[PDB]
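Here the structure is laid out as structure tokens; the discussion comes afterwards.
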Amino acid sequence: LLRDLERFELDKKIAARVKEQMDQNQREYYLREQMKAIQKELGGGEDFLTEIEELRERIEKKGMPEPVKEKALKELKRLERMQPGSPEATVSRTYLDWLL
Amino acid sequence: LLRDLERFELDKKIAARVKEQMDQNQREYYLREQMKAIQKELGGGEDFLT
Amino acid sequence: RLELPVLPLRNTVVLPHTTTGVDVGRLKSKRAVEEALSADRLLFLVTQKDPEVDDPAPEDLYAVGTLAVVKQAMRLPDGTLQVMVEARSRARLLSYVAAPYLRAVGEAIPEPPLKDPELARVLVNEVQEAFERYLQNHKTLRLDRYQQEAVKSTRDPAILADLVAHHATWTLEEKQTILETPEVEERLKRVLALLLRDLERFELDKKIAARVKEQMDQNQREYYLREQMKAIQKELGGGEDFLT
């Protein structure tokens with residue numbers, strides 16, 4: 001029974017390693033299907049969010065410093081607040097295009 | 001003979017594809033809202049974000 | 001050293017000891033299946049690669065092809081031939097014959113893995129744990145077939161490795177990677193990686209459905225709310241207090 005307890009502890013450690021290999025890549029594969037499905041559906045073949053995702057590609061390729069990019073991040077928060085055909089939104093889109 | 005509601009049942013066949021176009025319009029509306037449903041626990045509907 | 005003709009395949013990579021259906025859209029391959037059915041009912045199932053040519057070259061195939069046995073061959077009335085296949089072993093390609101069919105010369109892989117009760121048994125049990133948790137979020141195949149094709153009825157880890165690699169929806173190359181390697185333990189590690197990635201897709205899709213359901217409930221709740229009580233405001237006026 002001590003050999004059975006050692007075998008059950010080794011099986012529990014091996015199954016815990018299997019569940020760690022599940023969860024530690026599951027928490028990033030959540031992120032990659034989140035980004036490819038926001039890139040897909042909001043155009044629905046149009047890919048409307050690739051227009052506002054090329055700018056985010058410019059953020060995580062050349063919008064590197066954090067107090068610089070914090071203003072662009074809450075400008076990105078303001079970007080989905082109003083419709084991008086309003087006359088105020090010209091200044092908002094020109095703002096982060098000129099910044100990026 | 002025909003103008004005395006012969007084409008009214010064909011107008012109901014037209015209204016059948018109006019209800020089909022209603023079904024893919026509700027499908028596109030449901031799809032656009034369920035991607036926002038993925039976005040709400042992506043994080044756009046939390047306290048810190050927008 | 002198995003001198004038998006070859007049925008080439010387009011998108012199916014038939015692994016050894018795999019019960020599956022194969023449809024043939026060719027004529028030279030149709031005559032290859034008929035000549036193999038005349039000669040001792042044995043086929044070779046060697047798939048092709050990235051974008052497929054309808055007449056496959058002998059050097060456009062992969063490294064390892066699959067030895068097969070013919071169950072039956074009935075003719076569909078539209079012209080194509082449905083070939084029901086059962087496989088036996090796997091064979092490394094050396095050089096094939098470019099005369100209308102394809103001829104397999106031709107090898108064999110007689111390589112069982114080592115360290116069976118110590119390290120391979122834990123690996124086979126991890127394959128069993130991942131394959132047992134696989135259909136609980138997949139739910140497109142039969143659970144009793146998964147239990148009947150387990151270690152409890154099928155002892156061979158090469159047959160079990162080919163059956164655990166067959167039961168996913170992978171591409172033309174990642175089935176061929178588990179077809180190719182003579183070391184069975186590295187194939188078992190790779191199909192653990194592939195089943196981990198498939199379960200990280202399927203539990204994610206279950207969280208997609210279980211993520212959209214409560215905000216669709218919130219959506220119909222708020223939709224009934226604003227069509228209800230933007231509309232309760234019109235009875236307070238009573239003619240809208242002289243047409244607003």
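In the structure tokens, chains take letters A, B, ... by order of appearance, with residues numbered from 1 within each chain and ligands from 1 in the order shown.
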
Can I get the residues of chain C within 9 Å of chain A, each with the closest pair of atoms and their distance in Å to one decimal, using only C-alpha atoms, sorted chain first then ascending number, as a tab-separated table?
```
residue	atom	partner	partner_atom	distance
C:122	CA	A:14	CA	8.5
C:126	CA	A:18	CA	7.6
C:129	CA	A:15	CA	8.5
C:130	CA	A:18	CA	8.6
C:196	CA	A:22	CA	6.2
C:197	CA	A:26	CA	8.2
C:199	CA	A:22	CA	7.9
C:200	CA	A:26	CA	5.2
C:201	CA	A:29	CA	7.4
C:203	CA	A:26	CA	8.4
C:204	CA	A:30	CA	6.3
```

Same residues, N, CA and C atoms, saved as a tab-separated table (two decimals), in the first residue's frame:
```tsv
chain	number	residue	atom	x	y	z
C	122	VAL	N	4.02	5.31	-19.47
C	122	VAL	CA	3.57	6.62	-19.01
C	122	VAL	C	3.16	7.49	-20.19
C	126	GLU	N	-0.53	8.88	-20.99
C	126	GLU	CA	-0.81	10.29	-21.27
C	126	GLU	C	-1.60	10.46	-22.57
C	129	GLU	N	-5.10	9.51	-21.62
C	129	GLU	CA	-5.76	10.60	-20.89
C	129	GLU	C	-6.20	11.73	-21.81
C	130	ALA	N	-5.34	12.12	-22.76
C	130	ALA	CA	-5.68	13.17	-23.72
C	130	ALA	C	-6.76	12.71	-24.70
C	196	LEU	N	-3.08	18.14	-27.42
C	196	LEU	CA	-3.12	19.30	-26.54
C	196	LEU	C	-3.56	20.54	-27.29
C	197	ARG	N	-3.06	20.73	-28.52
C	197	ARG	CA	-3.48	21.89	-29.32
C	197	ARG	C	-4.93	21.78	-29.81
C	199	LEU	N	-7.30	20.15	-28.07
C	199	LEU	CA	-8.14	20.38	-26.89
C	199	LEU	C	-8.11	21.84	-26.46
C	200	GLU	N	-7.00	22.55	-26.70
C	200	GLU	CA	-6.95	24.00	-26.56
C	200	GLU	C	-7.72	24.75	-27.63
C	201	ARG	N	-8.07	24.12	-28.75
C	201	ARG	CA	-9.09	24.67	-29.63
C	201	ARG	C	-10.51	24.35	-29.15
C	203	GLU	N	-11.88	23.29	-26.07
C	203	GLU	CA	-12.31	23.93	-24.82
C	203	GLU	C	-12.46	25.44	-24.99
C	204	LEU	N	-11.66	26.03	-25.88
C	204	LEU	CA	-11.83	27.43	-26.27
C	204	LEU	C	-13.14	27.66	-27.01
```

Quiz item: Counting only C-alpha atoms, what is within 12 Å of residue 50 of chain A, bar same-chain residues fewer than 2 positions away, as an MDAnalysis selection string?
Solution: chainID A and resid 35:48 52:58

Please produce an output containing N, CA and C atoms for each residue in the selection, written as a JSON list (two decimals), in the first residue's frame.
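Once written, out10.json looks like this:
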```json
[["chain", "number", "residue", "atom", "x", "y", "z"],
["A", 35, "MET", "N", -7.99, 37.32, -31.29],
["A", 35, "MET", "CA", -7.53, 38.30, -32.27],
["A", 35, "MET", "C", -7.91, 37.91, -33.70],
["A", 36, "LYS", "N", -7.90, 36.60, -34.05],
["A", 36, "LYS", "CA", -8.30, 36.26, -35.42],
["A", 36, "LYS", "C", -9.81, 36.34, -35.60],
["A", 37, "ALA", "N", -10.59, 36.18, -34.54],
["A", 37, "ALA", "CA", -12.03, 36.31, -34.72],
["A", 37, "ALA", "C", -12.49, 37.77, -34.68],
["A", 38, "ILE", "N", -11.78, 38.67, -33.95],
["A", 38, "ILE", "CA", -12.09, 40.10, -34.11],
["A", 38, "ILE", "C", -11.60, 40.60, -35.47],
["A", 39, "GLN", "N", -10.53, 40.01, -36.02],
["A", 39, "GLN", "CA", -10.11, 40.36, -37.38],
["A", 39, "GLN", "C", -11.07, 39.82, -38.43],
["A", 40, "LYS", "N", -11.78, 38.73, -38.13],
["A", 40, "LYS", "CA", -12.69, 38.17, -39.12],
["A", 40, "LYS", "C", -14.04, 38.89, -39.14],
["A", 41, "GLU", "N", -14.77, 38.87, -38.00],
["A", 41, "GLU", "CA", -16.24, 38.97, -38.10],
["A", 41, "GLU", "C", -16.72, 40.40, -38.32],
["A", 42, "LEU", "N", -16.01, 41.41, -37.77],
["A", 42, "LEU", "CA", -16.47, 42.80, -37.77],
["A", 42, "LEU", "C", -16.50, 43.42, -39.16],
["A", 43, "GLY", "N", -15.74, 42.86, -40.10],
["A", 43, "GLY", "CA", -16.07, 43.02, -41.50],
["A", 43, "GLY", "C", -16.95, 41.90, -42.02],
["A", 44, "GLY", "N", -16.69, 40.66, -41.63],
["A", 44, "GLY", "CA", -17.44, 39.55, -42.18],
["A", 44, "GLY", "C", -17.06, 39.22, -43.61],
["A", 45, "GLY", "N", -15.76, 39.17, -43.90],
["A", 45, "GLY", "CA", -15.24, 39.11, -45.24],
["A", 45, "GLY", "C", -14.75, 40.45, -45.75],
["A", 46, "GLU", "N", -15.32, 41.54, -45.23],
["A", 46, "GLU", "CA", -14.80, 42.87, -45.51],
["A", 46, "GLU", "C", -13.50, 43.13, -44.76],
["A", 47, "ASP", "N", -13.39, 42.58, -43.54],
["A", 47, "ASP", "CA", -12.33, 42.80, -42.55],
["A", 47, "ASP", "C", -12.14, 44.30, -42.26],
["A", 48, "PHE", "N", -13.21, 44.84, -41.66],
["A", 48, "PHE", "CA", -13.26, 46.24, -41.24],
["A", 48, "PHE", "C", -12.28, 46.54, -40.10],
["A", 52, "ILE", "N", -8.47, 49.27, -38.58],
["A", 52, "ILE", "CA", -8.09, 49.76, -37.26],
["A", 52, "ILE", "C", -7.15, 48.80, -36.54],
["A", 53, "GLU", "N", -6.63, 47.80, -37.25],
["A", 53, "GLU", "CA", -5.66, 46.85, -36.71],
["A", 53, "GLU", "C", -4.29, 47.01, -37.36],
["A", 54, "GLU", "N", -4.22, 47.61, -38.55],
["A", 54, "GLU", "CA", -2.93, 48.05, -39.10],
["A", 54, "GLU", "C", -2.32, 49.18, -38.26],
["A", 55, "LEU", "N", -3.16, 50.05, -37.68],
["A", 55, "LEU", "CA", -2.67, 51.03, -36.72],
["A", 55, "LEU", "C", -2.19, 50.37, -35.42],
["A", 56, "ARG", "N", -2.85, 49.30, -34.96],
["A", 56, "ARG", "CA", -2.36, 48.60, -33.78],
["A", 56, "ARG", "C", -1.12, 47.76, -34.09],
["A", 57, "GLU", "N", -0.97, 47.33, -35.34],
["A", 57, "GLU", "CA", 0.29, 46.75, -35.80],
["A", 57, "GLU", "C", 1.40, 47.79, -35.80],
["A", 58, "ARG", "N", 1.06, 49.04, -36.09],
["A", 58, "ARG", "CA", 2.01, 50.13, -35.94],
["A", 58, "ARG", "C", 2.27, 50.49, -34.47]]
```

Practice problem: Hey, list the chain B side of the contact with chain A: 10 Å cut-off, only C-alpha atoms, answer as an MDAnalysis selection string. | Solution: chainID B and resid 28 31:36 38:39 42 44 49:50

Looking only at alpha helix (DSSP H) from DSSP on the backbone, list the matching residues of segment 20-225 of chain C as a compact mmCIF listing (two decimals) with N, CA, C and O atoms, in the first residue's frame.
```txt
# COMPACT_ATOMS: atom_id res chain seq x y z
N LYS C 28 -6.29 5.96 -64.31
CA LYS C 28 -5.07 5.19 -64.11
C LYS C 28 -5.00 4.63 -62.70
O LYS C 28 -4.58 3.48 -62.49
N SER C 29 -5.43 5.42 -61.71
CA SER C 29 -5.53 4.94 -60.34
C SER C 29 -6.65 3.92 -60.18
O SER C 29 -6.53 3.01 -59.35
N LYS C 30 -7.73 4.06 -60.96
CA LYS C 30 -8.80 3.07 -61.00
C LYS C 30 -8.31 1.72 -61.53
O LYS C 30 -8.61 0.67 -60.96
N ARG C 31 -7.49 1.75 -62.59
CA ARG C 31 -6.89 0.52 -63.11
C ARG C 31 -5.82 -0.03 -62.16
O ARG C 31 -5.62 -1.25 -62.12
N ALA C 32 -5.17 0.84 -61.38
CA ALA C 32 -4.24 0.38 -60.35
C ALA C 32 -4.96 -0.34 -59.21
O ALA C 32 -4.47 -1.37 -58.72
N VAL C 33 -6.13 0.17 -58.79
CA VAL C 33 -6.96 -0.50 -57.78
C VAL C 33 -7.51 -1.82 -58.30
O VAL C 33 -7.52 -2.83 -57.58
N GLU C 34 -7.91 -1.87 -59.58
CA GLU C 34 -8.41 -3.12 -60.16
C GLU C 34 -7.31 -4.17 -60.36
O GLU C 34 -7.54 -5.37 -60.12
N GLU C 35 -6.10 -3.74 -60.74
CA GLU C 35 -4.99 -4.67 -60.86
C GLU C 35 -4.46 -5.11 -59.50
O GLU C 35 -3.93 -6.22 -59.37
N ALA C 36 -4.59 -4.27 -58.47
CA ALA C 36 -4.24 -4.69 -57.12
C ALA C 36 -5.31 -5.60 -56.52
O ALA C 36 -4.99 -6.45 -55.68
N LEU C 37 -6.57 -5.42 -56.92
CA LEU C 37 -7.63 -6.32 -56.49
C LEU C 37 -7.50 -7.69 -57.15
O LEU C 37 -7.84 -8.71 -56.54
N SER C 38 -7.01 -7.72 -58.39
CA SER C 38 -6.71 -9.00 -59.03
C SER C 38 -5.49 -9.67 -58.41
O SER C 38 -5.43 -10.90 -58.34
N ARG C 121 5.16 3.43 -21.19
CA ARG C 121 3.85 3.15 -20.60
C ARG C 121 3.21 4.42 -20.05
O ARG C 121 1.99 4.61 -20.19
N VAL C 122 4.02 5.31 -19.47
CA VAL C 122 3.57 6.62 -19.01
C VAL C 122 3.16 7.49 -20.19
O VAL C 122 2.15 8.21 -20.13
N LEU C 123 3.88 7.38 -21.31
CA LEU C 123 3.59 8.13 -22.53
C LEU C 123 2.29 7.65 -23.18
O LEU C 123 1.47 8.47 -23.62
N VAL C 124 2.07 6.33 -23.21
CA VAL C 124 0.84 5.74 -23.72
C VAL C 124 -0.35 6.07 -22.81
O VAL C 124 -1.46 6.37 -23.30
N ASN C 125 -0.12 6.13 -21.49
CA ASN C 125 -1.17 6.54 -20.56
C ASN C 125 -1.51 8.03 -20.67
O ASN C 125 -2.68 8.40 -20.48
N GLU C 126 -0.53 8.88 -20.99
CA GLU C 126 -0.81 10.29 -21.27
C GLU C 126 -1.60 10.46 -22.57
O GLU C 126 -2.47 11.34 -22.66
N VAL C 127 -1.28 9.63 -23.58
CA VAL C 127 -2.04 9.58 -24.83
C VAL C 127 -3.48 9.13 -24.57
O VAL C 127 -4.43 9.70 -25.12
N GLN C 128 -3.65 8.17 -23.65
CA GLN C 128 -4.97 7.69 -23.25
C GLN C 128 -5.77 8.74 -22.49
O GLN C 128 -6.98 8.86 -22.69
N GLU C 129 -5.10 9.51 -21.62
CA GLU C 129 -5.76 10.60 -20.89
C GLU C 129 -6.20 11.73 -21.81
O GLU C 129 -7.33 12.23 -21.69
N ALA C 130 -5.34 12.12 -22.76
CA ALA C 130 -5.68 13.17 -23.72
C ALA C 130 -6.76 12.71 -24.70
O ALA C 130 -7.67 13.48 -25.03
N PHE C 131 -6.71 11.45 -25.13
CA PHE C 131 -7.72 10.91 -26.04
C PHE C 131 -9.04 10.64 -25.33
O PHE C 131 -10.09 10.64 -25.98
N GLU C 132 -9.01 10.40 -24.02
CA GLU C 132 -10.25 10.27 -23.25
C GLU C 132 -10.90 11.62 -23.01
O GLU C 132 -12.13 11.74 -23.04
N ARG C 133 -10.09 12.66 -22.77
CA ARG C 133 -10.64 14.01 -22.62
C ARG C 133 -10.90 14.71 -23.96
O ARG C 133 -11.45 15.81 -23.95
N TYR C 134 -10.50 14.10 -25.08
CA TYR C 134 -10.62 14.72 -26.39
C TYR C 134 -12.07 14.81 -26.87
O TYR C 134 -12.51 15.86 -27.33
N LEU C 135 -12.83 13.71 -26.77
CA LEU C 135 -14.19 13.71 -27.31
C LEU C 135 -15.19 14.40 -26.38
O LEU C 135 -16.27 14.77 -26.85
N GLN C 136 -14.83 14.64 -25.12
CA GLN C 136 -15.69 15.38 -24.19
C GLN C 136 -15.84 16.85 -24.56
O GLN C 136 -16.82 17.48 -24.14
N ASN C 137 -14.91 17.40 -25.34
CA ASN C 137 -15.07 18.71 -25.95
C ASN C 137 -15.08 18.67 -27.47
O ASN C 137 -15.33 19.71 -28.10
N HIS C 138 -14.82 17.52 -28.09
CA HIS C 138 -14.95 17.39 -29.54
C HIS C 138 -16.40 17.06 -29.93
O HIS C 138 -17.03 17.84 -30.66
N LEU C 143 -17.95 7.75 -28.73
CA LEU C 143 -17.17 7.53 -27.51
C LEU C 143 -16.90 6.04 -27.28
O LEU C 143 -15.84 5.68 -26.75
N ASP C 144 -17.85 5.18 -27.67
CA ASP C 144 -17.67 3.75 -27.52
C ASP C 144 -16.62 3.20 -28.49
O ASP C 144 -15.93 2.24 -28.16
N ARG C 145 -16.48 3.83 -29.66
CA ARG C 145 -15.39 3.49 -30.57
C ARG C 145 -14.03 3.92 -30.00
O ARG C 145 -13.02 3.23 -30.21
N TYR C 146 -14.00 5.05 -29.28
CA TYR C 146 -12.79 5.51 -28.61
C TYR C 146 -12.39 4.57 -27.47
O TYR C 146 -11.20 4.33 -27.24
N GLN C 147 -13.38 4.04 -26.75
CA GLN C 147 -13.07 3.09 -25.68
C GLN C 147 -12.74 1.70 -26.23
O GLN C 147 -11.91 0.99 -25.63
N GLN C 148 -13.35 1.29 -27.34
CA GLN C 148 -13.05 0.00 -27.94
C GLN C 148 -11.72 -0.02 -28.69
O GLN C 148 -11.14 -1.09 -28.86
N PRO C 157 1.22 -0.23 -29.65
CA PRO C 157 1.30 1.25 -29.61
C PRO C 157 1.51 1.90 -30.97
O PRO C 157 1.28 3.11 -31.09
N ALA C 158 1.94 1.16 -31.99
CA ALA C 158 2.01 1.73 -33.33
C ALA C 158 0.62 1.87 -33.95
O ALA C 158 0.30 2.91 -34.55
N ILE C 159 -0.22 0.85 -33.77
CA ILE C 159 -1.61 0.88 -34.22
C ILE C 159 -2.41 1.91 -33.41
O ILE C 159 -3.20 2.67 -33.97
N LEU C 160 -2.16 1.97 -32.10
CA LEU C 160 -2.80 2.97 -31.23
C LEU C 160 -2.32 4.38 -31.55
O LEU C 160 -3.12 5.32 -31.51
N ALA C 161 -1.04 4.54 -31.92
CA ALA C 161 -0.50 5.85 -32.30
C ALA C 161 -1.07 6.33 -33.63
O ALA C 161 -1.39 7.52 -33.79
N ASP C 162 -1.24 5.41 -34.59
CA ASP C 162 -1.87 5.76 -35.85
C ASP C 162 -3.36 6.03 -35.69
O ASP C 162 -3.92 6.89 -36.38
N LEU C 163 -4.02 5.34 -34.76
CA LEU C 163 -5.43 5.61 -34.51
C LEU C 163 -5.66 6.90 -33.73
O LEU C 163 -6.69 7.54 -33.91
N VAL C 164 -4.72 7.29 -32.86
CA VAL C 164 -4.91 8.56 -32.15
C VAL C 164 -4.53 9.72 -33.07
O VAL C 164 -5.10 10.82 -32.98
N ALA C 165 -3.62 9.50 -34.03
CA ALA C 165 -3.34 10.53 -35.02
C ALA C 165 -4.41 10.62 -36.11
O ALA C 165 -4.54 11.67 -36.74
N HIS C 166 -5.17 9.54 -36.35
CA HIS C 166 -6.21 9.59 -37.38
C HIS C 166 -7.43 10.39 -36.92
O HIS C 166 -8.06 11.07 -37.74
N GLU C 174 0.85 17.18 -41.20
CA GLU C 174 1.01 16.78 -39.81
C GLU C 174 0.47 15.39 -39.51
O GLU C 174 0.78 14.84 -38.45
N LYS C 175 -0.32 14.80 -40.41
CA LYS C 175 -0.57 13.37 -40.37
C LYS C 175 0.62 12.59 -40.92
O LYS C 175 0.93 11.49 -40.45
N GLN C 176 1.30 13.17 -41.91
CA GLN C 176 2.44 12.53 -42.56
C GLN C 176 3.66 12.50 -41.64
O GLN C 176 4.50 11.59 -41.75
N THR C 177 3.76 13.47 -40.72
CA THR C 177 4.83 13.47 -39.72
C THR C 177 4.72 12.29 -38.75
O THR C 177 5.73 11.69 -38.38
N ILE C 178 3.49 11.91 -38.38
CA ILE C 178 3.30 10.72 -37.55
C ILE C 178 3.31 9.47 -38.44
O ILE C 178 3.55 8.35 -37.96
N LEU C 179 3.11 9.62 -39.75
CA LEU C 179 3.30 8.48 -40.64
C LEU C 179 4.78 8.15 -40.85
O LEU C 179 5.14 6.98 -40.99
N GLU C 180 5.66 9.16 -40.79
CA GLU C 180 7.00 9.02 -41.34
C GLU C 180 7.99 8.39 -40.36
O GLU C 180 8.80 7.54 -40.77
N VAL C 184 8.65 5.35 -32.41
CA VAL C 184 7.23 5.44 -32.04
C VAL C 184 7.02 6.44 -30.89
O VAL C 184 5.98 7.12 -30.84
N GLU C 185 8.01 6.58 -30.00
CA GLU C 185 7.89 7.43 -28.82
C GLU C 185 7.86 8.92 -29.17
O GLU C 185 7.14 9.70 -28.53
N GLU C 186 8.62 9.32 -30.19
CA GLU C 186 8.59 10.70 -30.66
C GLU C 186 7.27 11.03 -31.36
O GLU C 186 6.77 12.15 -31.26
N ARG C 187 6.68 10.03 -32.04
CA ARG C 187 5.33 10.18 -32.60
C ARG C 187 4.28 10.30 -31.50
O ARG C 187 3.30 11.03 -31.66
N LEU C 188 4.48 9.58 -30.39
CA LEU C 188 3.56 9.68 -29.26
C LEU C 188 3.67 11.04 -28.57
O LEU C 188 2.64 11.61 -28.17
N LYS C 189 4.89 11.58 -28.45
CA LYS C 189 5.09 12.94 -27.93
C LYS C 189 4.48 14.00 -28.85
O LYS C 189 3.86 14.96 -28.37
N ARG C 190 4.61 13.81 -30.16
CA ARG C 190 4.03 14.74 -31.12
C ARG C 190 2.51 14.66 -31.16
O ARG C 190 1.85 15.69 -31.34
N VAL C 191 1.92 13.47 -30.96
CA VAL C 191 0.46 13.42 -30.97
C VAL C 191 -0.09 13.87 -29.61
O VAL C 191 -1.24 14.33 -29.56
N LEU C 192 0.71 13.82 -28.53
CA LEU C 192 0.36 14.56 -27.32
C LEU C 192 0.34 16.06 -27.55
O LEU C 192 -0.56 16.74 -27.05
N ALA C 193 1.32 16.59 -28.30
CA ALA C 193 1.34 18.02 -28.63
C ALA C 193 0.16 18.41 -29.53
O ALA C 193 -0.48 19.45 -29.32
N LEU C 194 -0.20 17.53 -30.47
CA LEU C 194 -1.30 17.82 -31.39
C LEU C 194 -2.66 17.69 -30.71
O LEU C 194 -3.57 18.48 -30.98
N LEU C 195 -2.82 16.70 -29.81
CA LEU C 195 -4.07 16.60 -29.06
C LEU C 195 -4.20 17.67 -27.99
O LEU C 195 -5.33 18.06 -27.67
N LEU C 196 -3.08 18.14 -27.42
CA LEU C 196 -3.12 19.30 -26.54
C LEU C 196 -3.56 20.54 -27.29
O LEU C 196 -4.42 21.28 -26.80
N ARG C 197 -3.06 20.73 -28.52
CA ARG C 197 -3.48 21.89 -29.32
C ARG C 197 -4.93 21.78 -29.81
O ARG C 197 -5.65 22.79 -29.82
N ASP C 198 -5.40 20.57 -30.13
CA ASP C 198 -6.81 20.37 -30.47
C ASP C 198 -7.73 20.56 -29.27
O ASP C 198 -8.83 21.10 -29.42
N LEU C 199 -7.30 20.15 -28.07
CA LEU C 199 -8.14 20.38 -26.89
C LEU C 199 -8.11 21.84 -26.46
O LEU C 199 -9.12 22.35 -25.95
N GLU C 200 -7.00 22.55 -26.70
CA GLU C 200 -6.95 24.00 -26.56
C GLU C 200 -7.72 24.75 -27.63
O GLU C 200 -7.97 25.95 -27.46
N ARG C 201 -8.07 24.12 -28.75
CA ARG C 201 -9.09 24.67 -29.63
C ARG C 201 -10.51 24.35 -29.15
O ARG C 201 -11.38 25.23 -29.17
N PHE C 202 -10.77 23.12 -28.69
CA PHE C 202 -12.15 22.70 -28.44
C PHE C 202 -12.71 23.23 -27.13
O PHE C 202 -13.88 23.61 -27.07
N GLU C 203 -11.88 23.29 -26.07
CA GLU C 203 -12.31 23.93 -24.82
C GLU C 203 -12.46 25.44 -24.99
O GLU C 203 -13.31 26.06 -24.34
N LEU C 204 -11.66 26.03 -25.88
CA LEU C 204 -11.83 27.43 -26.27
C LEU C 204 -13.14 27.66 -27.01
O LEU C 204 -13.79 28.68 -26.78
N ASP C 205 -13.55 26.74 -27.90
CA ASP C 205 -14.84 26.89 -28.58
C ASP C 205 -16.02 26.69 -27.63
O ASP C 205 -17.07 27.35 -27.78
N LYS C 206 -15.87 25.80 -26.64
CA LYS C 206 -16.86 25.68 -25.57
C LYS C 206 -16.92 26.94 -24.71
O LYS C 206 -18.01 27.35 -24.30
N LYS C 207 -15.78 27.60 -24.47
CA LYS C 207 -15.82 28.91 -23.82
C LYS C 207 -16.33 30.02 -24.73
O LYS C 207 -16.82 31.03 -24.20
N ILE C 208 -16.25 29.88 -26.05
CA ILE C 208 -16.88 30.83 -26.97
C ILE C 208 -18.40 30.76 -26.87
O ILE C 208 -19.07 31.79 -26.72
N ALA C 209 -18.96 29.54 -26.87
CA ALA C 209 -20.41 29.37 -26.70
C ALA C 209 -20.88 29.76 -25.30
O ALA C 209 -21.87 30.49 -25.14
N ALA C 210 -20.13 29.34 -24.27
CA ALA C 210 -20.43 29.69 -22.88
C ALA C 210 -20.04 31.12 -22.51
O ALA C 210 -20.33 31.55 -21.39
N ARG C 211 -19.36 31.84 -23.41
CA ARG C 211 -19.14 33.27 -23.32
C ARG C 211 -20.21 34.08 -24.03
O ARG C 211 -20.59 35.15 -23.54
N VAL C 212 -20.75 33.57 -25.14
CA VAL C 212 -21.75 34.37 -25.83
C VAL C 212 -23.14 34.20 -25.23
O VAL C 212 -23.99 35.08 -25.45
N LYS C 213 -23.41 33.11 -24.47
CA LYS C 213 -24.79 32.80 -24.05
C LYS C 213 -25.36 33.81 -23.03
O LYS C 213 -26.52 34.23 -23.17
N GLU C 214 -24.55 34.27 -22.07
CA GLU C 214 -25.09 35.18 -21.05
C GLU C 214 -25.26 36.60 -21.58
O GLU C 214 -26.16 37.32 -21.12
N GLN C 215 -24.49 37.02 -22.59
CA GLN C 215 -24.70 38.35 -23.11
C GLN C 215 -25.72 38.34 -24.26
O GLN C 215 -26.36 39.36 -24.50
N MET C 216 -26.02 37.18 -24.86
CA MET C 216 -27.26 37.08 -25.63
C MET C 216 -28.50 37.11 -24.74
O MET C 216 -29.53 37.67 -25.15
N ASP C 217 -28.43 36.53 -23.53
CA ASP C 217 -29.50 36.70 -22.55
C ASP C 217 -29.63 38.16 -22.10
O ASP C 217 -30.75 38.68 -21.98
N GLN C 218 -28.49 38.83 -21.88
CA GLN C 218 -28.46 40.26 -21.59
C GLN C 218 -28.96 41.09 -22.76
O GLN C 218 -29.62 42.12 -22.56
N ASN C 219 -28.73 40.63 -23.99
CA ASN C 219 -29.14 41.32 -25.20
C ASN C 219 -30.65 41.28 -25.39
O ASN C 219 -31.26 42.31 -25.68
N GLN C 220 -31.26 40.10 -25.20
CA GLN C 220 -32.72 40.02 -25.31
C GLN C 220 -33.40 40.69 -24.11
O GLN C 220 -34.49 41.28 -24.29
N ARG C 221 -32.75 40.68 -22.94
CA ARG C 221 -33.23 41.40 -21.77
C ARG C 221 -33.24 42.91 -22.00
O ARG C 221 -34.26 43.57 -21.80
N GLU C 222 -32.12 43.46 -22.49
CA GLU C 222 -32.04 44.90 -22.72
C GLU C 222 -32.85 45.33 -23.94
O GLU C 222 -33.33 46.46 -23.97
N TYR C 223 -33.07 44.41 -24.90
CA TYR C 223 -33.86 44.72 -26.09
C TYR C 223 -35.34 44.83 -25.73
O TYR C 223 -36.01 45.80 -26.14
N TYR C 224 -35.83 43.87 -24.93
CA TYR C 224 -37.18 43.94 -24.38
C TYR C 224 -37.34 45.12 -23.43
O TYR C 224 -38.41 45.74 -23.39
N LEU C 225 -36.26 45.50 -22.72
CA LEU C 225 -36.29 46.65 -21.82
C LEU C 225 -36.43 47.97 -22.58
O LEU C 225 -37.28 48.80 -22.22
```

Quiz item: Can you tell me, as a PyMOL selection string, what residues are no more than 10 Å from segment 81-90 of chain C when counting only C-alpha atoms, ignoring any on the same chain fewer than 2 positions away?
Solution: chain C and resi 7+14-27+29-30+33+42-46+64-79+92-93+106-110+158-159+179-180+182

Quiz item: Between atom CA of residue 229 of chain C and atom CA of residue 25 of chain B, what is the distance, to one decimal in Å?
Solution: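 Spanning atom CA of residue 229 of chain C to atom CA of residue 25 of chain B is a straight-line distance of 25.2 Å.
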
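Here atom CA of residue 96 of chain C and atom CA of residue 59 of chain C stand 7.7 Å from one another.
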
Quiz item: Expressed in Å to a single decimal, how great is the separation between atom CA of residue 91 of chain C and atom CA of residue 183 of chain C?
Solution: 13.9 Å
